[PDB]
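Colleague: work_26.cif is reproduced in full below (mmCIF, C-alpha atoms and all ligand atoms).
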```cif
data_model
#
loop_
_atom_site.label_atom_id
_atom_site.label_comp_id
_atom_site.auth_asym_id
_atom_site.auth_seq_id
_atom_site.Cartn_x
_atom_site.Cartn_y
_atom_site.Cartn_z
CA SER D 568 -83.66 -2.03 -6.04
CA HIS D 569 -86.58 -4.30 -6.95
CA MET D 570 -84.41 -6.36 -9.30
CA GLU D 571 -81.65 -6.43 -6.69
CA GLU D 572 -83.86 -7.79 -3.91
CA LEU D 573 -85.34 -10.37 -6.29
CA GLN D 574 -81.92 -11.49 -7.50
CA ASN D 575 -80.69 -11.78 -3.90
CA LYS D 576 -83.62 -14.00 -2.89
CA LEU D 577 -83.13 -16.10 -6.02
CA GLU D 578 -79.45 -16.56 -5.17
CA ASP D 579 -79.89 -18.53 -1.94
CA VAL D 580 -83.10 -20.45 -2.62
CA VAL D 581 -81.39 -23.27 -4.55
CA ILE D 582 -80.09 -26.38 -2.77
CA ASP D 583 -77.46 -28.64 -4.34
CA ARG D 584 -79.04 -32.00 -5.00
CA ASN D 585 -76.01 -33.75 -3.53
CA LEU D 586 -76.75 -32.27 -0.09
CA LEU D 587 -80.06 -34.17 -0.06
CA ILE D 588 -81.07 -37.82 0.11
CA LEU D 589 -84.70 -38.83 -0.40
CA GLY D 590 -86.50 -41.36 1.77
CA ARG D 591 -89.94 -43.00 1.91
CA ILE D 592 -93.26 -41.62 0.67
CA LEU D 593 -95.26 -39.82 3.29
CA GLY D 594 -98.03 -38.98 0.80
CA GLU D 595 -98.95 -39.14 -2.86
CA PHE D 598 -100.22 -33.61 -8.53
CA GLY D 599 -97.11 -34.52 -6.54
CA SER D 600 -95.73 -36.42 -3.58
CA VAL D 601 -94.20 -35.75 -0.16
CA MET D 602 -91.11 -37.64 1.01
CA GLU D 603 -89.05 -37.73 4.15
CA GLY D 604 -85.44 -36.79 3.56
CA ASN D 605 -82.05 -35.66 4.91
CA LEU D 606 -80.35 -32.31 4.31
CA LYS D 607 -76.66 -31.70 4.95
CA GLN D 608 -76.36 -28.28 6.55
CA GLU D 609 -73.25 -26.10 6.34
CA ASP D 610 -72.06 -27.06 9.84
CA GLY D 611 -71.44 -30.64 8.66
CA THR D 612 -74.50 -32.29 10.26
CA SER D 613 -77.65 -33.45 8.53
CA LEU D 614 -81.24 -32.35 9.19
CA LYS D 615 -84.49 -34.26 8.83
CA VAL D 616 -86.62 -32.60 6.15
CA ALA D 617 -89.76 -33.04 4.12
CA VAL D 618 -89.42 -32.97 0.33
CA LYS D 619 -92.31 -32.12 -2.02
CA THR D 620 -92.01 -33.15 -5.68
CA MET D 621 -94.13 -32.11 -8.66
CA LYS D 622 -94.28 -32.51 -12.46
CA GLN D 628 -89.60 -23.19 -18.26
CA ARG D 629 -91.71 -20.06 -17.76
CA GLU D 630 -93.64 -22.03 -15.15
CA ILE D 631 -90.36 -23.17 -13.65
CA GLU D 632 -89.04 -19.68 -13.09
CA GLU D 633 -92.42 -18.98 -11.51
CA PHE D 634 -91.94 -21.88 -9.10
CA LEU D 635 -88.42 -20.67 -8.34
CA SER D 636 -89.25 -17.02 -7.76
CA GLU D 637 -92.28 -17.80 -5.59
CA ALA D 638 -90.19 -20.27 -3.59
CA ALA D 639 -87.49 -17.60 -3.19
CA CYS D 640 -90.12 -15.15 -1.95
CA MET D 641 -91.50 -17.61 0.65
CA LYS D 642 -88.02 -18.59 1.89
CA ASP D 643 -87.21 -14.93 2.44
CA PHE D 644 -90.27 -14.58 4.64
CA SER D 645 -89.33 -15.21 8.26
CA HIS D 646 -91.83 -15.49 11.13
CA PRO D 647 -92.32 -18.35 13.62
CA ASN D 648 -95.95 -18.98 12.53
CA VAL D 649 -95.10 -19.21 8.83
CA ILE D 650 -93.50 -22.44 7.67
CA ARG D 651 -89.85 -21.91 6.84
CA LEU D 652 -89.00 -22.98 3.28
CA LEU D 653 -85.42 -24.21 3.41
CA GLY D 654 -84.88 -24.32 -0.34
CA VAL D 655 -85.70 -25.92 -3.65
CA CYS D 656 -84.09 -28.39 -6.02
CA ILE D 657 -84.82 -28.91 -9.73
CA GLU D 658 -84.51 -32.46 -11.08
CA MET D 659 -85.02 -33.62 -14.67
CA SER D 660 -87.11 -36.65 -15.57
CA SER D 661 -86.07 -39.11 -18.26
CA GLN D 662 -88.88 -37.97 -20.57
CA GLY D 663 -87.44 -34.43 -20.27
CA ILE D 664 -89.94 -33.15 -17.69
CA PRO D 665 -88.46 -31.02 -14.87
CA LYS D 666 -89.09 -32.26 -11.32
CA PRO D 667 -89.27 -29.27 -8.94
CA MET D 668 -88.68 -30.08 -5.29
CA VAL D 669 -89.34 -28.04 -2.14
CA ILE D 670 -87.45 -28.65 1.12
CA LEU D 671 -89.05 -27.90 4.51
CA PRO D 672 -88.27 -29.03 8.07
CA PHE D 673 -89.77 -32.42 8.87
CA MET D 674 -92.62 -32.01 11.37
CA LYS D 675 -93.51 -35.36 12.95
CA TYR D 676 -96.91 -34.13 14.15
CA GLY D 677 -98.04 -33.48 10.56
CA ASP D 678 -100.82 -31.14 9.49
CA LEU D 679 -103.30 -29.60 11.89
CA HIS D 680 -106.38 -31.21 10.32
CA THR D 681 -105.17 -34.80 10.68
CA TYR D 682 -104.00 -34.07 14.20
CA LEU D 683 -107.43 -32.81 15.30
CA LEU D 684 -109.04 -35.97 13.94
CA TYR D 685 -106.40 -38.21 15.58
CA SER D 686 -107.04 -36.53 18.92
CA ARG D 687 -110.58 -37.96 18.85
CA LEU D 688 -109.13 -41.50 18.86
CA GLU D 689 -107.81 -43.03 22.07
CA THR D 690 -104.42 -43.93 20.67
CA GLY D 691 -104.01 -40.57 18.98
CA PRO D 692 -103.06 -37.29 20.60
CA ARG D 693 -104.77 -36.66 23.88
CA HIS D 694 -108.03 -34.76 23.97
CA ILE D 695 -107.19 -31.14 23.10
CA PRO D 696 -108.39 -28.62 25.73
CA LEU D 697 -110.13 -25.40 24.67
CA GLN D 698 -107.06 -23.42 25.76
CA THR D 699 -104.86 -25.28 23.26
CA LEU D 700 -107.50 -25.05 20.53
CA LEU D 701 -107.55 -21.28 20.88
CA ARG D 702 -103.76 -21.16 21.03
CA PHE D 703 -103.89 -22.91 17.64
CA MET D 704 -106.01 -20.05 16.31
CA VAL D 705 -103.73 -17.38 17.78
CA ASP D 706 -100.71 -18.97 16.11
CA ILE D 707 -102.43 -19.10 12.72
CA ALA D 708 -103.61 -15.52 13.09
CA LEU D 709 -100.04 -14.46 13.84
CA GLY D 710 -98.63 -16.03 10.69
CA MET D 711 -101.46 -14.54 8.64
CA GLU D 712 -100.99 -11.12 10.24
CA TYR D 713 -97.31 -11.19 9.21
CA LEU D 714 -98.20 -12.37 5.70
CA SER D 715 -101.04 -9.91 5.06
CA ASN D 716 -98.96 -6.93 6.31
CA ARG D 717 -96.80 -7.90 3.32
CA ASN D 718 -99.74 -8.04 0.88
CA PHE D 719 -99.20 -11.76 0.56
CA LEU D 720 -102.47 -13.52 -0.33
CA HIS D 721 -102.68 -17.14 0.80
CA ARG D 722 -105.81 -18.16 -1.18
CA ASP D 723 -106.10 -21.69 0.29
CA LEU D 724 -106.14 -21.23 4.05
CA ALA D 725 -107.56 -24.31 5.86
CA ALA D 726 -106.49 -26.54 8.74
CA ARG D 727 -105.14 -29.11 6.25
CA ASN D 728 -102.53 -26.47 5.26
CA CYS D 729 -101.38 -25.66 8.81
CA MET D 730 -98.47 -27.62 10.24
CA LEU D 731 -97.67 -28.63 13.82
CA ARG D 732 -94.08 -28.07 14.98
CA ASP D 733 -92.37 -30.21 17.62
CA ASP D 734 -93.16 -27.64 20.35
CA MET D 735 -96.89 -27.55 19.28
CA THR D 736 -96.52 -24.14 17.59
CA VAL D 737 -98.74 -23.93 14.48
CA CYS D 738 -97.33 -22.44 11.29
CA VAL D 739 -99.06 -21.52 8.07
CA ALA D 740 -98.12 -23.44 4.93
CA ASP D 741 -99.59 -24.57 1.61
CA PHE D 742 -99.16 -28.09 0.26
CA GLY D 743 -100.12 -26.73 -3.17
CA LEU D 744 -101.58 -30.05 -4.34
CA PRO D 763 -112.47 -26.20 -1.54
CA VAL D 764 -115.65 -24.21 -2.20
CA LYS D 765 -116.58 -24.26 1.50
CA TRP D 766 -113.57 -22.07 2.44
CA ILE D 767 -114.00 -19.45 -0.29
CA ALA D 768 -115.47 -16.06 0.58
CA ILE D 769 -118.89 -15.17 -0.82
CA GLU D 770 -117.49 -12.42 -3.04
CA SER D 771 -114.77 -14.71 -4.46
CA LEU D 772 -117.39 -17.32 -5.37
CA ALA D 773 -118.93 -14.76 -7.75
CA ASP D 774 -116.52 -12.01 -8.82
CA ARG D 775 -113.38 -14.15 -8.18
CA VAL D 776 -112.07 -10.96 -6.55
CA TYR D 777 -109.68 -11.88 -3.73
CA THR D 778 -108.23 -9.70 -0.94
CA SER D 779 -106.77 -10.31 2.51
CA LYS D 780 -110.41 -10.10 3.59
CA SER D 781 -111.05 -13.24 1.57
CA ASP D 782 -108.17 -14.80 3.51
CA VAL D 783 -109.95 -13.54 6.65
CA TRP D 784 -113.06 -15.47 5.60
CA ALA D 785 -110.98 -18.64 5.12
CA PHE D 786 -109.46 -18.08 8.57
CA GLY D 787 -112.94 -17.97 10.05
CA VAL D 788 -113.70 -21.34 8.49
CA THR D 789 -110.34 -22.67 9.70
CA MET D 790 -111.17 -21.52 13.22
CA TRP D 791 -114.41 -23.49 12.83
CA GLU D 792 -112.54 -26.62 11.72
CA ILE D 793 -110.38 -26.34 14.84
CA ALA D 794 -113.32 -25.69 17.17
CA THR D 795 -115.19 -28.75 15.76
CA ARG D 796 -111.99 -30.81 16.02
CA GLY D 797 -111.97 -31.48 12.30
CA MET D 798 -115.52 -31.48 10.94
CA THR D 799 -116.02 -30.73 7.27
CA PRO D 800 -117.68 -27.26 7.03
CA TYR D 801 -121.43 -26.94 6.45
CA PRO D 802 -122.70 -30.48 7.11
CA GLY D 803 -125.86 -31.17 5.14
CA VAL D 804 -124.88 -28.65 2.42
CA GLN D 805 -123.52 -29.87 -0.91
CA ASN D 806 -120.81 -27.86 -2.68
CA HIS D 807 -123.07 -26.88 -5.59
CA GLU D 808 -125.65 -25.43 -3.16
CA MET D 809 -122.91 -23.38 -1.54
CA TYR D 810 -123.08 -19.91 -3.04
CA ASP D 811 -126.87 -19.86 -2.84
CA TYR D 812 -126.62 -20.95 0.80
CA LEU D 813 -124.41 -17.95 1.62
CA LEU D 814 -126.39 -15.64 -0.66
CA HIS D 815 -129.38 -15.89 1.73
CA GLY D 816 -127.26 -14.90 4.76
CA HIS D 817 -126.69 -18.37 6.23
CA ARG D 818 -123.35 -19.06 7.90
CA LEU D 819 -121.52 -21.88 9.63
CA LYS D 820 -123.27 -22.78 12.87
CA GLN D 821 -121.78 -22.42 16.34
CA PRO D 822 -120.05 -25.64 17.44
CA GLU D 823 -121.22 -26.89 20.79
CA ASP D 824 -119.01 -25.92 23.73
CA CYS D 825 -117.57 -23.14 21.54
CA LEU D 826 -117.55 -19.94 23.63
CA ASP D 827 -119.97 -17.35 22.38
CA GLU D 828 -117.13 -14.81 22.27
CA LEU D 829 -115.08 -17.17 20.10
CA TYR D 830 -118.09 -17.69 17.81
CA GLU D 831 -118.65 -13.97 17.43
CA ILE D 832 -115.00 -13.59 16.47
CA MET D 833 -115.30 -16.25 13.77
CA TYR D 834 -118.71 -14.91 12.66
CA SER D 835 -117.11 -11.49 12.15
CA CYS D 836 -114.88 -13.18 9.54
CA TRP D 837 -117.89 -13.92 7.29
CA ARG D 838 -119.52 -10.49 7.20
CA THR D 839 -120.98 -10.02 3.72
CA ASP D 840 -118.98 -6.84 3.08
CA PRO D 841 -115.21 -7.58 3.17
CA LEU D 842 -114.61 -4.04 4.36
CA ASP D 843 -116.56 -4.79 7.53
CA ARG D 844 -114.50 -7.91 8.37
CA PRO D 845 -111.63 -7.35 10.83
CA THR D 846 -108.03 -7.49 9.71
CA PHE D 847 -105.78 -10.30 10.91
CA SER D 848 -104.06 -7.90 13.28
CA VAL D 849 -107.42 -7.13 14.87
CA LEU D 850 -108.44 -10.81 14.91
CA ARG D 851 -105.16 -11.85 16.48
CA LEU D 852 -105.51 -9.43 19.38
CA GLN D 853 -109.16 -10.34 19.94
CA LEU D 854 -108.06 -13.99 20.14
CA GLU D 855 -105.08 -13.33 22.42
CA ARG D 856 -107.46 -11.36 24.66
CA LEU D 857 -109.96 -14.22 24.82
CA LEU D 858 -107.17 -16.71 25.54
CA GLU D 859 -105.79 -14.89 28.57
CA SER D 860 -109.31 -14.45 30.02
CA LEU D 861 -109.56 -18.23 30.26
CA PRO D 862 -109.17 -19.61 33.84
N1 LIG D 901 -94.54 -34.23 8.03
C1 LIG D 901 -94.29 -33.05 7.25
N2 LIG D 901 -93.43 -32.13 7.71
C2 LIG D 901 -93.21 -31.01 6.98
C3 LIG D 901 -93.85 -30.81 5.77
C4 LIG D 901 -94.74 -31.74 5.32
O1 LIG D 901 -95.44 -31.63 4.12
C5 LIG D 901 -95.40 -30.36 3.54
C6 LIG D 901 -96.08 -29.30 4.11
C7 LIG D 901 -96.02 -28.06 3.52
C8 LIG D 901 -95.31 -27.88 2.35
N3 LIG D 901 -95.30 -26.55 1.77
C9 LIG D 901 -94.75 -26.15 0.49
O2 LIG D 901 -94.27 -26.90 -0.27
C10 LIG D 901 -94.93 -24.70 0.11
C11 LIG D 901 -94.49 -24.25 -1.13
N4 LIG D 901 -94.69 -22.96 -1.49
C12 LIG D 901 -95.32 -22.11 -0.65
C13 LIG D 901 -95.77 -22.56 0.58
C14 LIG D 901 -96.49 -21.57 1.48
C15 LIG D 901 -97.61 -20.94 0.97
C16 LIG D 901 -98.30 -20.03 1.75
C17 LIG D 901 -97.85 -19.77 3.03
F1 LIG D 901 -98.52 -18.87 3.77
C18 LIG D 901 -96.72 -20.39 3.56
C19 LIG D 901 -96.04 -21.29 2.76
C20 LIG D 901 -95.58 -23.86 0.96
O3 LIG D 901 -95.97 -24.26 2.02
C21 LIG D 901 -94.67 -28.95 1.77
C22 LIG D 901 -94.71 -30.19 2.37
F2 LIG D 901 -94.07 -31.25 1.79
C23 LIG D 901 -94.96 -32.86 6.04
CL1 LIG D 901 -96.13 -34.06 5.39
CL CL D 902 -75.50 -35.93 10.84
CL CL D 903 -89.94 -29.27 13.85
CL CL D 904 -122.76 -25.42 9.58
CL CL D 905 -126.68 -19.28 10.36
#
```
Transcribe the structure of this file into structure tokens.
Modeller:
Amino acid sequence: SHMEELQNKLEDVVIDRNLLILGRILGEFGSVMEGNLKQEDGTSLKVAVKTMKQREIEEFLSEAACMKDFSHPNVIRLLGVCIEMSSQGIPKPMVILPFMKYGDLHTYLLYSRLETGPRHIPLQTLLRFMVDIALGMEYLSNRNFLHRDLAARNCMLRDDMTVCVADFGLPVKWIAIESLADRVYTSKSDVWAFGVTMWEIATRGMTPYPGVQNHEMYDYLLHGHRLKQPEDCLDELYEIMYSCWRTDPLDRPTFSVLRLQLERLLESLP
């Protein structure tokens, strides 16, 4: 039953604080730390730990339990959560994820445009990044999960270069036209944000809409303007991402449709 499934998820989301040791800051709303997690088989695992600052706390726990129960290779796996208490009596919620040494997709795309950073990223890999993200989002949306902050900064690179969808939980230019006004939000709003994320990846990390300030943003879209085609972006890839920003959400493709369009384009590549 609905209460049964929720209580089951709740049961195995919590990690004993003594199985975890925190390490150095990776980033600093909250902070992200490197850490170690003792697994049940006796060995420890490198993890990332995210820390923040009672009705909100059950909300954090139940939403963490829901994400951990999700399982798909292009959705970040949430290993568990841990609730500390601060001296001043403020709870300190912590989220445990696998440590991914390649970091987030956005910083990686930027790094790749520096000699010392990752090598230049071929088109084939850039489109394989989009396929991966579309796969995680297909799985999520088939569950009526709404992401609401999709962007390359929130996609993570795994050791085998698989991309998985995440949310640091810590952006006008990613928000669908209808959500800018009515604040209505559907998976078709997520589809809009995916289109922009595809554009981030194709530009190797440009901020969307150069020359357009955030306050000008809804007016800019109101008159039918969209993100421009990056150079050396295939026209077929640009039409796919343009389809994500159709004015009428109902006309935008689903993630399942997008994913197959993108897998089709990828195999056509010599
Ligand atoms: N190097 C390195 N390696 C690993 C992680 C890392 O940082 C982090 C990267 C991601 C996260 N995510 C979360 O806390 C999180 C919490 N609730 C829900 C989601 C979620 C939301 C939507 C969705 F579709 C999928 C998941 C989360 O993602 C935390 C980090 F600390 C770093 Cl920096
Ligand atoms: Cl060990
Ligand atoms: Cl990994
Ligand atoms: Cl643009
Ligand atoms: Cl345009």
Colleague: Neighbours of residue 685 (chain D) within 10 Å (only C-alpha atoms; same-chain residues fewer than 6 positions away dropped), as a ChimeraX atom specification?
Modeller: /D:679,691-694,796-797
Colleague: At what distance in Å, to one decimal, does CA of residue 793 (chain D) lie from CA of residue 817 (chain D)?
Modeller: 20.1 Å
Colleague: List the neighbours of residue 583 (chain D) out to 12 Å using all atoms listed in the file; skip same-chain residues closer than 4 positions along the sequence, and give me the result as a list in words.
Modeller: residues 579, 587, 588, 606, 607, 608, 609, 653, 654, 655, 656, 657, 658, 668 and 670 of chain D
Colleague: Contacts of region 636-640 of chain D at 9 Å or less, counting all atoms listed in the file, minus same-chain residues fewer than 6 places along, as a ChimeraX atom specification?
Modeller: /D:573,575-581,652,654-655,669
Colleague: May I ask for the distance between atom CL of ligand CL 902 (chain D) and CA of residue 586 (chain D), given in Å to one decimal place?
Modeller: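 Separating atom CL of ligand CL 902 (chain D) from CA of residue 586 (chain D) is a distance of 11.6 Å.
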Colleague: Within 8 Å of ligand CL 904 (chain D) (counting only C-alpha atoms and all ligand atoms), which residues show up? I'd like them as a PDB file with C-alpha atoms, keeping the file's coordinate frame.
Modeller:
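The resulting file, out-v4.pdb, is shown below:
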```
ATOM      1  CA  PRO D 800    -117.680 -27.260   7.030  1.00  0.00           C
ATOM      2  CA  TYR D 801    -121.430 -26.940   6.450  1.00  0.00           C
ATOM      3  CA  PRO D 802    -122.700 -30.480   7.110  1.00  0.00           C
ATOM      4  CA  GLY D 803    -125.860 -31.170   5.140  1.00  0.00           C
ATOM      5  CA  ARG D 818    -123.350 -19.060   7.900  1.00  0.00           C
ATOM      6  CA  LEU D 819    -121.520 -21.880   9.630  1.00  0.00           C
ATOM      7  CA  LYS D 820    -123.270 -22.780  12.870  1.00  0.00           C
ATOM      8  CA  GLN D 821    -121.780 -22.420  16.340  1.00  0.00           C
TER       9      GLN D 821
END
```
Colleague: Mind checking which residues fall within 12 Å of residue 731 (chain D), counting all atoms listed in the file, ignoring those fewer than 2 positions away in the same chain, and posting them as a PDB file with C-alpha atoms, in the coordinates of the input?
Modeller:
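What follows is the written file selection-v5.pdb:
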```pdb
ATOM      1  CA  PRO D 647     -92.320 -18.350  13.620  1.00  0.00           C
ATOM      2  CA  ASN D 648     -95.950 -18.980  12.530  1.00  0.00           C
ATOM      3  CA  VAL D 649     -95.100 -19.210   8.830  1.00  0.00           C
ATOM      4  CA  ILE D 650     -93.500 -22.440   7.670  1.00  0.00           C
ATOM      5  CA  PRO D 672     -88.270 -29.030   8.070  1.00  0.00           C
ATOM      6  CA  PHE D 673     -89.770 -32.420   8.870  1.00  0.00           C
ATOM      7  CA  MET D 674     -92.620 -32.010  11.370  1.00  0.00           C
ATOM      8  CA  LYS D 675     -93.510 -35.360  12.950  1.00  0.00           C
ATOM      9  CA  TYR D 676     -96.910 -34.130  14.150  1.00  0.00           C
ATOM     10  CA  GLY D 677     -98.040 -33.480  10.560  1.00  0.00           C
ATOM     11  CA  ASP D 678    -100.820 -31.140   9.490  1.00  0.00           C
ATOM     12  CA  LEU D 679    -103.300 -29.600  11.890  1.00  0.00           C
ATOM     13  CA  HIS D 680    -106.380 -31.210  10.320  1.00  0.00           C
ATOM     14  CA  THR D 681    -105.170 -34.800  10.680  1.00  0.00           C
ATOM     15  CA  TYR D 682    -104.000 -34.070  14.200  1.00  0.00           C
ATOM     16  CA  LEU D 683    -107.430 -32.810  15.300  1.00  0.00           C
ATOM     17  CA  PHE D 703    -103.890 -22.910  17.640  1.00  0.00           C
ATOM     18  CA  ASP D 706    -100.710 -18.970  16.110  1.00  0.00           C
ATOM     19  CA  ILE D 707    -102.430 -19.100  12.720  1.00  0.00           C
ATOM     20  CA  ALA D 726    -106.490 -26.540   8.740  1.00  0.00           C
ATOM     21  CA  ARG D 727    -105.140 -29.110   6.250  1.00  0.00           C
ATOM     22  CA  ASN D 728    -102.530 -26.470   5.260  1.00  0.00           C
ATOM     23  CA  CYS D 729    -101.380 -25.660   8.810  1.00  0.00           C
ATOM     24  CA  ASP D 733     -92.370 -30.210  17.620  1.00  0.00           C
ATOM     25  CA  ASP D 734     -93.160 -27.640  20.350  1.00  0.00           C
ATOM     26  CA  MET D 735     -96.890 -27.550  19.280  1.00  0.00           C
ATOM     27  CA  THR D 736     -96.520 -24.140  17.590  1.00  0.00           C
ATOM     28  CA  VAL D 737     -98.740 -23.930  14.480  1.00  0.00           C
ATOM     29  CA  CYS D 738     -97.330 -22.440  11.290  1.00  0.00           C
ATOM     30  CA  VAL D 739     -99.060 -21.520   8.070  1.00  0.00           C
ATOM     31  CA  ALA D 740     -98.120 -23.440   4.930  1.00  0.00           C
TER      32      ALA D 740
END
```
Colleague: In Å to one decimal, how far is CA of residue 645 (chain D) from CA of residue 619 (chain D)?
Modeller: 20.0 Å
Colleague: Which is closest to ligand CL 905 (chain D) among D:598, D:766, D:812, D:786, if we use all atoms listed in the file?
Modeller: D:812
Colleague: Write out as a PyMOL selection string which residues come within 10 Å of residue 767 (chain D) when counting only C-alpha atoms, dropping same-chain ones fewer than 2 positions away.
Modeller: chain D and resi 722-724+763-765+769-772+775+777+781-785+788+809-810
Colleague: Under the rule of at most 10 Å, produce a per-residue listing of chain D near ligand CL 902 (chain D): chain, number, name, the closest pair of atoms, and the distance in Å, as JSON lines, using all atoms listed in the file.
Modeller:
```
{"residue": "D:605", "atom": "CA", "partner": "D:CL902", "partner_atom": "CL", "distance": 8.8}
{"residue": "D:606", "atom": "CA", "partner": "D:CL902", "partner_atom": "CL", "distance": 8.9}
{"residue": "D:607", "atom": "CA", "partner": "D:CL902", "partner_atom": "CL", "distance": 7.3}
{"residue": "D:608", "atom": "CA", "partner": "D:CL902", "partner_atom": "CL", "distance": 8.8}
{"residue": "D:610", "atom": "CA", "partner": "D:CL902", "partner_atom": "CL", "distance": 9.6}
{"residue": "D:611", "atom": "CA", "partner": "D:CL902", "partner_atom": "CL", "distance": 7.0}
{"residue": "D:612", "atom": "CA", "partner": "D:CL902", "partner_atom": "CL", "distance": 3.8}
{"residue": "D:613", "atom": "CA", "partner": "D:CL902", "partner_atom": "CL", "distance": 4.0}
{"residue": "D:614", "atom": "CA", "partner": "D:CL902", "partner_atom": "CL", "distance": 7.0}
{"residue": "D:615", "atom": "CA", "partner": "D:CL902", "partner_atom": "CL", "distance": 9.4}
```
Colleague: Identify which of the residues D:804, D:621, D:857, D:833 lies closest to residue 667 (chain D), counting all atoms listed in the file when measuring atom-to-atom distances.
Modeller: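 Nearest to residue 667 (chain D): D:621.
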